[PDB]
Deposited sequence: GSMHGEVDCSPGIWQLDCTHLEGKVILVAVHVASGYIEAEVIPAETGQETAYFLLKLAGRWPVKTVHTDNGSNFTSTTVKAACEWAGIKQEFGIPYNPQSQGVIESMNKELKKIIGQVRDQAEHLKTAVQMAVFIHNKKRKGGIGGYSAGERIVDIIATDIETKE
């Protein structure tokens, strides 16, 4: 149930990125402007899909949102400070698709798709999408 949440920026829009740490599986979303509400909405969606026990963030923003607090509590997500390359390689894949899409969000989702379905170096072993299912099945 361990995730990292961070955010990243492109064409002046904010991309929320959750990583399932043991798998490298990602979910992402383009949000209107870093709000408590939208982070809360993304958390509640993610927790309804996967076991989400602990979310690790690297700064204080998410500790100051009333709605994130209520989402955390509603869904039983521990907020934990501290995070003991992803953003970067998702952007490479976004640039290779960017023109195949009117909306930035469609390119973000095409990039999430490829990241989660790819095999590491293109052959053999498991996708991030397969590893997350394999870890939760065990």
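Trainee: Please list, in sequence order, every stretch of the deposited sequence that lacks C-alpha coordinates.
Mentor: Sequence ranges with no C-alpha atoms are 1-11, 96-105, 160-165.
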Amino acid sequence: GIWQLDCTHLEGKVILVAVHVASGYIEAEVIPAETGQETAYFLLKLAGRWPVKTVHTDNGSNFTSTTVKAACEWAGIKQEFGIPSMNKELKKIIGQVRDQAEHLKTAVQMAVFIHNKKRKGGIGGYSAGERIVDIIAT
From here on, numbers count along this sequence of modelled residues.
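Trainee: Of the other PDB entries for this protein whose models extend past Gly60 on both sides, does at least a third leave it without coordinates?
Mentor: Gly60: modelled in every other compared entry.
Trainee: Looking at the other compared entries that model both neighbours, is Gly76 missing coordinates in at least a third of them?
Mentor: Per the records, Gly76 is modelled in all the other entries.
Trainee: Could you check the entry and say whether 57-65 or 33-41 has the higher mean CA B-factor?
Mentor: The deposited B-factors put 33-41 ahead on the C-alpha mean.
Trainee: Between 23-31 and 107-115, which has the higher average C-alpha B-factor in the PDB entry?
Mentor: It is 23-31 that shows the higher mean C-alpha B-factor.
Trainee: Pick out which of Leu46, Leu90, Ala70, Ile77 has the highest C-alpha B-factor in the PDB entry.
Mentor: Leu90 has the highest C-alpha B-factor of those listed.
Trainee: Split into thirds by Cα B-factor across the chain's modelled residues, where does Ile132 land: lowest, middle or highest?
Mentor: CA B-factor rank for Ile132: lowest third.
Trainee: Among all modelled residues of this chain, ranked by Cα B factor, put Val14 in the bottom, middle or top third, i.e. lowest, middle or highest.
Mentor: Middle third of the chain for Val14's C-alpha B-factor.
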